[PDB]
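Chains as they are written, first to last, in the authors' numbering: chain A, -1 to 72, 76 to 303; chain A', -1 to 72, 76 to 303. A prime marks a further copy of an entry chain.
2 protein chains.
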Amino acid sequence: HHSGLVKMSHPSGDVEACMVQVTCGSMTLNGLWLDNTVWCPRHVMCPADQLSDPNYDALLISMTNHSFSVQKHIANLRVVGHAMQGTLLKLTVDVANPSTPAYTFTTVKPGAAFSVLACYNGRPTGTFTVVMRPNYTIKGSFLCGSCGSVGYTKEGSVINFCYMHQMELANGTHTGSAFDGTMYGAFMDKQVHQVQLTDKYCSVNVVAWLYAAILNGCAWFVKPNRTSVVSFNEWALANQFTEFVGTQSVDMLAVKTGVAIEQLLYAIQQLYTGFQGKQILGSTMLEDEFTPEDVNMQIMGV
Amino acid sequence: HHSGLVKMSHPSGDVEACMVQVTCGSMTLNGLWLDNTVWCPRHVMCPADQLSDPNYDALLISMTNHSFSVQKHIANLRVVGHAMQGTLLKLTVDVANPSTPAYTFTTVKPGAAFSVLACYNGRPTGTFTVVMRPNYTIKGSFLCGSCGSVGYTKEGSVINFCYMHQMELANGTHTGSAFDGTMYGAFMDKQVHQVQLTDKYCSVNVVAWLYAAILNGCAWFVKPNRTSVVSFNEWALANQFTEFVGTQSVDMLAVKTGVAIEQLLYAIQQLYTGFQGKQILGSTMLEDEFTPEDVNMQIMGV
């Protein structure tokens, strides 16, 4: 009856120990302290009268190490170097974080889930998980002062940082930077109207959810009928779905349930025209916020 | 468009530092290490051949301090005392947890939200948030080995522990103990069929969600019509809703939006008969998994 699915985040302690406050004049936000480096959004440099068209190159040149104040309240970290990488600053500090976890930097892909640690004034305040939408936004929960909050995944003990928060778009969704300094999607870290690409249903995550339903004894939508991946993907382009790309994680769900991917691609095509008053796992609309990995881990223990 | 609402958990670091593994013979699960005490479910004492009708008094008497092995892997903690409090063991250990947070023990009430740290073999693996249902279950995500995982709320820096995981009921929901040793509801920590009370919509949380909708510019369901609290509560008893009890947190939402509680109680009565193909915050059914506090904090910054 209950699916056994929740929105599951990584434990956040490893990352909490890396959060600091960064102040530059009238601007304050959060940074990430790893080894002798503090990462933060570059718009910490920007006076509010200039957030709509900052000249970041000129702002950077105008700064000295004194221009940045970094504090940990969970130490004052003296800045001894400063540099800009895309939309992020790299501040060099005189003390290496003694609690630096094993970490990498990676870019997250549409449909994939990651954990966010929402922070204000360098203080962690909550944690949640989101999927990167096909239009490179996330449906998060961020208020003024939240920039520099980070998103990450975890492989073993290694934290893979993938997101640093920057902006809330007009429709209430959120976007930010990867740690290579790029913004996700076509977004810019300028406080002006920006075009939003269309969101889409993440087909591989809808497939995962339908498997979750079968793993819970809910399979009324499973029929012998099948749609091929190539045929579904042509259909997807006309109906606001991502093209489906199967993975080993989806294959494990097909094996466990004995229901083939192509059967669920046909189910999705029919469900999209309407559930006809039936429910799947308590919903009367397709759910794409759980991944194949979520289902394998939370339900099957993998 | 996006509500700005997510399922938000507390940062989990403070609690991660308190989790240990407890082993008693063939049974292993998680414990909570605070000061010189380790709390864990008492069914760690129970051989698997006896989980359906354990004699816990006899099991306790049969134990010595050697009968419990406690490890931290995030130390071996030597047990120097053991006692039973309701459905929990209180193990006394020779070393006080140097990372004991400020804490209290409290009982959580139906409709209220708390954060859970899911742990296996004493290792934290994920965090999520749930509301205590009116039938004293939670819709969680727990597998074999998860018992002893804890739920908590946070007031300031003080962690209020309210839940220690025990059981998965036939319908996939979960229940456990408070730290006074009671099980929530009428449940017993015995592996046998147990009656489940009916779940209900948490009216105060539906009211909160409708305010969240108004705070997002979505107010098509607001009319001048009103239903009194007394009249709604009579109706609720016939329709599987909790009786509504207003709070200061709900009042702040009424003030901010200028929409009175009684207007939303009337809205709920009508929405319950059908949304007539309209959506509220992306849903075509009433949502009761967000609290008034969630809405005040996540949307209004309170």
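Note that the Cβ used here is the ideal one computed from N, Cα and C, for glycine as well.
The C-alpha of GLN195 of chain A lies about 14 Å from the C-alpha of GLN167 of chain A.
Using a CB distance cut-off of 7 Å, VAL208 of chain A' does not count as an interface residue toward chain A.
Chain-ordered, the chain A residues with CB closer than 7 Å to the CB of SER142 of chain A' read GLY2, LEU3, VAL4, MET6 and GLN299.
Burial check for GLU14 of chain A': the Cβ neighbour count within 10 Å reaches 16 or more, so the residue is buried. The shortest CA-to-CA distance from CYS38 of chain A' to any of A':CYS44, A':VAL20 and A':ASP55 is the one to A':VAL20. Between the C-alpha atoms of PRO102 of chain A' and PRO99 of chain A there is a straight-line separation of about 21 Å.
Residue pairing by DSSP leaves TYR273 of chain A without any beta bridge partner. Here DSSP, grouped into helix, strand and coil, assigns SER232 of chain A to helix.
Between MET25 of chain A' and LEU58 of chain A', the gap from beta carbon to beta carbon reaches 7 Å or more. Short of 8 Å from the beta carbon of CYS22 of chain A, and not among the five residues preceding or following it, lie these beta carbons of its own chain, in chain order: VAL42, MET43, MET61, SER65, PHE66 and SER67. Inclusion of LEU89 of chain A' and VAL80 of chain A' in the CB contact set at 7 Å is not warranted, their separation being larger than that value. In the three-state reduction of the DSSP assignment, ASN63 of chain A' falls in the helix class. Here DSSP, grouped into helix, strand and coil, assigns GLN241 of chain A' to coil. Around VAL18 of chain A, the same chain offers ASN28, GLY29, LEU30, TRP31, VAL36, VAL68, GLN69, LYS70, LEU78 and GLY123 as residues with beta carbons nearer than 8 Å, after the five sequence neighbours per side are excluded.
Going by DSSP, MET6 of chain A' is part of no alpha helix (DSSP H) at all; its letter is neither H nor E. With its beta carbon less than 7 Å from one in chain A', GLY302 of chain A belongs to the interface. In this structure, A':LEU216 is the residue among A':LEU216, A':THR108 and A':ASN172 with its C-alpha nearest to the C-alpha of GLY259 of chain A'. Put simply, the region 120 to 139 of chain A touches the region 187 to 202 of chain A. At least three CB pairs are less than 8 Å apart. Any Cβ of chain A' closer than 7 Å to the Cβ of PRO135 of chain A would place that residue at the interface, and such an atom is absent. Boundaries of the beta strand (DSSP E) harbouring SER116 of chain A: 114 to 121, taken from the DSSP string. Taking C-beta separations shorter than 6 Å and ignoring five residues to either side along the sequence, the partners of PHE106 of chain A in its chain run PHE162 and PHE180, following chain order. By the neighbour-count definition (other C-beta atoms within 10 Å, threshold 16), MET189 of chain A' is an exposed residue. In the structure shown, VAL159 of chain A adopts extended strand secondary structure according to DSSP, grouped into three states.
Residue state for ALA261 of chain A' is assigned as coil, using DSSP reduced to three classes. Contact annotation for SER10 of chain A against chain A': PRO9, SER10, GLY11 and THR128 [CB-CB distance below 8 Å, chain order].
Neighbours of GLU288 of chain A across chain A', judged by C-beta separation under 7 Å, do not exist; the nearest C-beta is about 11 Å away.
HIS(-1) of chain A and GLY275 of chain A have their C-alpha atoms some 22 Å from each other.
Look at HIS41 of chain A': its C-beta is not under 7 Å from any C-beta on chain A. At a cut-off of 7 Å between C-beta atoms, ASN172 of chain A' counts as an interface residue with respect to chain A. For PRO125 of chain A, at least one C-beta of chain A' is nearer than 7 Å to its own C-beta. At least 7 Å separates the beta-carbon of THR130 of chain A from that of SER10 of chain A.
With the criterion set as a beta carbon lying under 8 Å from some beta carbon of chain A', the members of the region 257 to 286 of chain A are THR285 and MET286, in sequence order. In the DSSP assignment, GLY152 of chain A' is bridged to A':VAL117 and A':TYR164.
A direct Cα-Cα distance of roughly 20 Å separates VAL208 of chain A from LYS140 of chain A. Nearest CB-CB separation between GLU14 of chain A' and chain A: below the 7 Å threshold. DSSP places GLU169 of chain A within a strand segment (E or B) once states are collapsed to three.
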